[PDB]
Amino acid sequence: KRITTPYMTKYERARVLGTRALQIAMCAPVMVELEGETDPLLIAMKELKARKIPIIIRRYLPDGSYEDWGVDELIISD
Amino acid sequence: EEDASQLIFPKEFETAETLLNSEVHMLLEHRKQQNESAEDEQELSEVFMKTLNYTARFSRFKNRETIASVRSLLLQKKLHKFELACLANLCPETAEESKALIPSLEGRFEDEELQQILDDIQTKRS
Amino acid sequence: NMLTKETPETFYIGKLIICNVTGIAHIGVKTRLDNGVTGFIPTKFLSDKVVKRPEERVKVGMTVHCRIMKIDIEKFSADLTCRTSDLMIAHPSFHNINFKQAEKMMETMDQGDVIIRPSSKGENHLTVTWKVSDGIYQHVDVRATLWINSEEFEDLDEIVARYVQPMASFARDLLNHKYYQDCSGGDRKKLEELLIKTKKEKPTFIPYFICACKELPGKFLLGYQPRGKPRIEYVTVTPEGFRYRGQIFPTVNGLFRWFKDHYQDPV
Amino acid sequence: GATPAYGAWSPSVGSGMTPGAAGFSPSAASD
Amino acid sequence: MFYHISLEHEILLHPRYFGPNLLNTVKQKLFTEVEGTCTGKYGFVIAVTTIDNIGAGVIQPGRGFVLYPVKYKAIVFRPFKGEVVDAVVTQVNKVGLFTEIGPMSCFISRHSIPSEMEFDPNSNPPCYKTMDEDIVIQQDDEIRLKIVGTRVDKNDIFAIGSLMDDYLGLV
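Residues numbered from 1 in each chain as written, not as in the entry; some residues may be left out. Chains lettered and ligands numbered in written order. Part of a larger assembly, values for the part shown. Heavy atoms only, no water. Residues with missing side-chain atoms left out of burial classes, pairs and counts.

- If you check the header, you'll see the entry was determined by cryo-EM and the resolution is listed as 2.9 Å.

This is the structure we're talking about:
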C-alpha cells in the first residue's frame, strides 16, 4: 500500500551513490564485476546502473508513517 | 530502599522471569555443549567456568521434568515470583526454618500448609 | 657462574640455543651468546675449514638460531649447529596456489580426479575444481554459491562425495553420449553452422547434438532445428541431478526420456 | 576476482513460434 | 539472583563486514560484547541465550558505520538486599570469612559471627569451632548467608554477607 512515487528522485540517487562510494572506499564487497577501474564513485555508478546496490530507502511521510523502497525496486531516472 | 525482604524492586526488575539453580545450570550446560562444537570459535571465559562450578554444587535435581513439576505445583499458589526461587532453591526442612529465613512467610500462610509444601519439595529432590 | 651468571647446567643438549656470531679468529665464527657466554662455533658447525668462513650457516654480526649440542659457557665455547637439520579414478589431492599457474597441472589427470585448493577472493574460502571435459573446468567458489556450515572445515572428505562425485558422474554420463562433439570448446559461432550443414543431408530426420561451453563451465548446449531457423537451450547440472525447464530429474536418463516427448510443441 | 560465480547465473530461455506438424521420432523407455 | 529478561543493545558494524555473513557477524559481535559485563541498572550479566530479532540497520550520514539495535534474550544476575542464598566458603581468616556467590564474592566479619565460633590459628587449616567442638565450619562447604548490602565497583559487584539469623550453616 505504498503511495510514494515509483521513480527515484535526483536527491535520493545522489545520496545513494555517495553512500555506496563511501562504503566501497572503506573496503566493502562490490556487487558487480569490475572491468578494471578503481574510483569508488565510478563503481557505485556502475552498481546503480546494474541495480545491485544493497540499500533500501525509507521515505518518511508528513503524518509520520514511512515506506521502505529498495533500489532494485523503483525506476532510476538517470 | 531496595530490600527483597519487604517485596520491593525497581519497575524493570518487577517484570522479570525467575530462574532456579538447576534451570540455570542446565541452560549453561547446554550452552557449553553448543559452544564446544563448531570449531574456530572463541572459547568460554572464566566467568562461565566459575558460574558452572558454582551452580553445579547446588543442583537439587538434574531431571528437567523435576523442574517443570516443582514450578507447576508452586505457581498454583498466590505467592509472588520472588518466593518461587529462594524457597525452591534452599529447600528447608521444617516450616519454622523457612519462615525464619524468609520474613515474608510470617503470617502469610498457615503452618501445615507450608510444611506440606516443604515435605513435597524435599521428596522431589533426587 | 659468579660473573657470567650462565653455567653449562642451564644449557642442555638438543635445545636450540641462539649463537650470535660477531667475529671469527681463524676459520670458525666465535661470538657471544644470549647469556653472555662466548659462543665459539667451530668449522664443523659451518662445514668450512680451508675455505671461506661460514656466512650462510652462521649469521655474521647477528644472532643465528642453531641446535645447542654443547655446554661450554664457562670454557668460552658454543657448539651450535649451523645446519637447520641439526636443530630438529577419484583421486582427491591437496594443495597447501594462484589461478594462472594452477591450470598447468590440470590437463594431465583424467576425468573424475578432484583437487582442492584455496580461493583468491577473500578469507576463509575454498574453491573445488573437478574435471568436466577437455579444457572445461568448473571453479565452484564456496563461500556456484554453495552454502555450507563451518564444521565441514575440519573434515573435507564428504563435501566432494556429497556434491562433486554425483555431479561428476552425471557430467561424465553425457561425455559418452552417442551424438557428442566438442567443436573447439563449443563456440557459439561454430555450433550453429553444423546444424544447417547436417539438415541438408537428411531433411526428414532431425538429429540432435550436445556440447559444453568453455567461457561458462557447467552449462551444456542442447540444440535442435524445428525448422530452417536455429535455436539454443541451455541446461544446468545440479549436484542432485539436472535442471531442464526448471524440473529436476533423479537419474540422467530421466532428462533424456522427458526431452523426447516435449519438443514437438509449436513453442 | 577473475573467477566469478558460474552456477549462479540464471539460464534465460528463448521464445518463438513454429507452427509445425507432428511428424518427429517417438520416445523411448527409461528402463 | 539469576533472572531471564529481554534487553536491547546496538552495535556499529564496519563496512568491511558486509557480505553473505552479515547477520552471522552481527550475532558474533553481540556475543563478545554483552557477556560477562556488568551495569548498575540491570546488574551482572552471565551470558546470552537467544536473540529476538535484528533491527533495520540505519546507515549513518557521512560514515560507513551502520548500527543495528538488536534486542537479545539473555540472563542476568542482580542480587538485592535481604535475599538469602547458598554459597561456598573460599577462605577463613581472623579478619573475616570469604565466600563466592557465583560471579560475586562477599565477606563476613567476626562481629557478624556469634561468639560461639572461635578461632583455630593453632591448627593448620584456618577453621572455626565451638567449645564442645561439635559443629565445624571450614572452606569448600555449602554455607548460607544473607545479603545485607550491595556494591558495584565499576561493573564489579561486591556485596556483604552476615551470620546473625538462625539456621545458617550445614544443611
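**What to know about the overall build of chain C**
Logical step 1: Summing up its helical and strand segments, chain C has 7 helices and 13 strands in all.
Logical step 2: The C-alpha radius of gyration computed for chain C amounts to 33 Å, which surpasses the reference 18 Å derived for 267 residues by more than 25%, pointing to a less compact arrangement than a globule.
Logical step 3: Principal axes of the C-alpha set define a box for chain C whose edges measure 105 × 40 × 30 Å. (Helix = DSSP H or I, 4+ residues; strand = E, 2+ residues; numbered from the N terminus. Rg over C-alpha atoms; globule rule 2.2 N^0.38 Å.)

**Some details on the overall build of chain B**
Logical step 1: Looking only at helices and strands, chain B has 7 helices and 1 strand in total.
Logical step 2: Ordering the α and β elements of chain B from the N terminus gives α-β-α-α-α-α-α-α.
Logical step 3: On the principal axes, the C-alpha backbone points of chain B span a range of 55 × 35 × 25 Å.
Logical step 4: Of the contacts formed within chain B by residues at least 6 apart in sequence, a portion of 59% connects residues at least 24 apart. (Contact = heavy atoms within 4.5 Å.)

**Some points on the pattern of salt bridges**
Residue and element names in this part refer to chain A.
Logical step 1: A salt bridge links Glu73 to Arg2; its shortest N-O distance comes to 2.8 Å. Here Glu73, found in the segment after strand 2 (66-70), pairs with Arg2, found in the segment before helix 1 (10-25); they are 71 residues apart in sequence, far enough to count as distant.
Logical step 2: As a salt-bridge pair, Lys46 and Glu37 come within 2.7 Å of each other at their nearest N and O atoms. (Salt bridge = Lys/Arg side-chain N within 4 Å of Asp/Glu carboxyl O.)

**Some points on the interface of chain B and chain E**
Logical step 1: Facing the 36 residues of chain B at the interface are 37 residues of chain E.
Logical step 2: Here strand 1 (residues 17-18) of chain B pairs with strand 1 (residues 2-13) of chain E via 2 bridges, running antiparallel. Its bridge partner being in strand 1 of chain E, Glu17(B) is matched across the sheet by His4(E). (Pairing = 2+ DSSP bridges.)

**With respect to the sheet that holds strand 8 (residues 137-142) of chain C**
Residues and elements named next belong to chain C.
Logical step 1: The 3 strands are arranged 6-7-8 in an open sheet whose pairing can be described as antiparallel. Sheet topology places strand 6 (114-118) and strand 8 at the edges, where each strand pairs with a single neighbour. Averaged over all neighbouring strand pairs, the angle between strand axes comes to 25°, with direction disregarded.
Logical step 2: The pairing of strand 7 (residues 126-131) with strand 8 spans 6 bridges and is classified as antiparallel. Within the sheet, the bridge partner assigned to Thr129 lies in strand 8 and is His139. (Axes fitted to C-alpha atoms, helices over the stretch in contact; angles between N-to-C directions.)

**Describing the packing of aromatic side chains**
Logical step 1: With a centroid separation of 4.5 Å and an interplanar angle of 55°, the aromatic rings of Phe13(B) and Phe80(E) are classed as tilted. You can see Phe13(B) sitting in helix 1 (residues 11-14) and its partner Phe80(E) sitting in the loop between strand 5 (66-77) and strand 6 (84-92), one on each of two chains.
Logical step 2: Consider the rings of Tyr54(B) and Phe58(B), whose centres lie 5.7 Å apart with planes at 55°: the pair is tilted.
Logical step 3: Each residue in the set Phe9(B), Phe13(B), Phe82(B), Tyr3(E) and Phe80(E) is aromatic and connected to the rest through ring pairs, giving one cluster.
Logical step 4: If you follow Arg58(A) out to its NZ or CZ, it ends over the ring of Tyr66(A), 4.3 Å from the centre. (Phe/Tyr/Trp six-rings, centres within 6.5 Å; stacked < 30°, edge-to-face > 60°. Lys NZ or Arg CZ within 6 Å of the ring centre and 35° of its normal.)

**Let's talk about the sheet that holds strand 3 (residues 38-41) of chain C**
Residues and elements named next belong to chain C.
Logical step 1: The strand order across the open sheet formed by 5 strands is 3-2-1-4-5, and the pairing between neighbours is antiparallel. Both edges of this open sheet fall to strand 3 and strand 5 (80-81), since each of them pairs with a single strand only.
Logical step 2: Judged from the 5 bridges that link them, strand 1 (residues 16-20) and strand 4 (residues 63-68) form a sheet pairing that is antiparallel. From the neighbouring strand, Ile18 faces strand 4, where its bridge partner is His65.

**Here we look at the environment of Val34(E)**
Logical step 1: Of note, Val34(E) is situated in the loop between helix 1 (22-31) and strand 2 (38-39).
Logical step 2: In contact with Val34(E), not counting residues within four places along its chain, are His9(E), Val45(E) and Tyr72(E).

**Details of the pairing of strand 7 (residues 96-100) of chain E**
All names here are of chain E.
Logical step 1: Relative to strand 7, strand 6 runs antiparallel, the two being bridged by 4 bridges. The residue of strand 7 that forms the bridge with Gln91 is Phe98.
Logical step 2: Between strand 6 and strand 7, which pair antiparallel in sequence order, lie 3 residues.
Logical step 3: Count of turn residues in the strand 7/strand 8 (residues 107-109) antiparallel hairpin: 6 residues, of which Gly102 carries a positive phi of about 50°.

**Observations concerning the environment of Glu83(E)**
Logical step 1: Along the chain, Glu83(E) falls in the loop between strand 5 and strand 6.
Logical step 2: With 46 residues separating them along the chain, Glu83(E) and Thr37(E) place their C-alpha atoms 22 Å apart.
Logical step 3: Ignoring any residue separated from it by four or fewer positions in sequence, one finds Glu83(E) in contact with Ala4(B), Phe9(B), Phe82(B), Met1(E), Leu145(E), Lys146(E) and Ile147(E).

**What about the interface of chain D and chain C?**
Logical step 1: Taken together, the contact between chain D and chain C spans 10 residues of the former and 5 residues of the latter.
Logical step 2: In the side of chain D that touches chain C, the residues fall into 6 nonpolar, 4 polar and no charged. (Nonpolar A, V, L, I, M, F, W, Y, C, P; charged D, E, K, R; others polar.)

**Some words on unusual backbone geometry**
Logical step 1: One non-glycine residue, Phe76(C), lies in positive phi territory at about 65°.
Logical step 2: If you trace the backbone, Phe76(C) turns up in the loop between strand 4 and strand 5.
Logical step 3: Positive phi, normally seen in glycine, also occurs at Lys154(E), with a value near 55°.
Logical step 4: Relative to the helices and strands, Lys154(E) resides in the segment after strand 11 (142-146).

**Re the arrangement of the chains**
Logical step 1: The structure contains 3 pairs of chains in contact, of which chains B and E account for the largest number of contacts.
Logical step 2: If you take every C-alpha in chain A and every C-alpha in chain C, the smallest gap between them is 10 Å, and the two do not touch.
Logical step 3: A minimum C-alpha distance of 14 Å separates chain D and chain E, which share no contact.

**Topic: the packing of helix 2 (residues 21-36) of chain B against helix 3 (residues 46-55) of chain B**
Residue and element names in this part refer to chain B.
Logical step 1: Interaxial distance between helix 2 and helix 3 falls to 9 Å at its minimum, and their mutual angle equals 140°. Taken together, the axes of helix 2 and helix 3 are oblique relative to one another. Where helix 2 crosses over helix 3, the two elements pack in a sense that is left-handed. The segment helix 2 lies against helix 3, with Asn21, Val24, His25, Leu28, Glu29 and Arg31 engaging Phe48, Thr51, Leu52 and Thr55.
Logical step 2: Partitioning the contact of helix 2 with helix 3 into residue classes produces 4 nonpolar, 4 polar and 2 charged. (Parallel < 35°, antiparallel > 145°, perpendicular 65-115°, else oblique. Left-handed = near helix turned anticlockwise from the far one by under 90°.)

**Description of the side chain of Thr4(A)**
Residue and element names in this part refer to chain A.
Logical step 1: As for its position among the elements, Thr4 is in the segment before helix 1.
Logical step 2: Among the polar contacts listed, one links the side chain of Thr4 to the side chain of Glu67, at a separation of 2.8 Å.
Logical step 3: Engagement of the side chain of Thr4 in a polar contact is seen with the side chain of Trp69, the distance being 2.6 Å.
Logical step 4: Here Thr4 is in contact with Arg59, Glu67 and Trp69, once residues within four sequence places are set aside. (Polar contact = N/O pair within 3.5 Å; in protein donor to acceptor, adjacent residues only side chain to side chain.)

**Quick notes on the packing of helix 1 of chain A against helix 2 (residues 40-50) of chain A**
Working note: a packed helix pair is described by the angle between its axes plus the distance between those axes.
All names here are of chain A.
Logical step 1: Where helix 1 contacts helix 2, the axes come no closer than 8 Å and their chain directions differ by 125°. If you check the angle between helix 1 and helix 2, you find them oblique. For the element pair helix 1 and helix 2, the recorded crossing hand is right-handed. The segment helix 1 lies against helix 2, with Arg13, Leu17, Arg20, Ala21, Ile24 and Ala25 engaging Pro40, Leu41, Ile43, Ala44, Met45, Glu47 and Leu48.
Logical step 2: Residues of the contact of helix 1 with helix 2, tallied by class, amount to 10 nonpolar, no polar and 3 charged.

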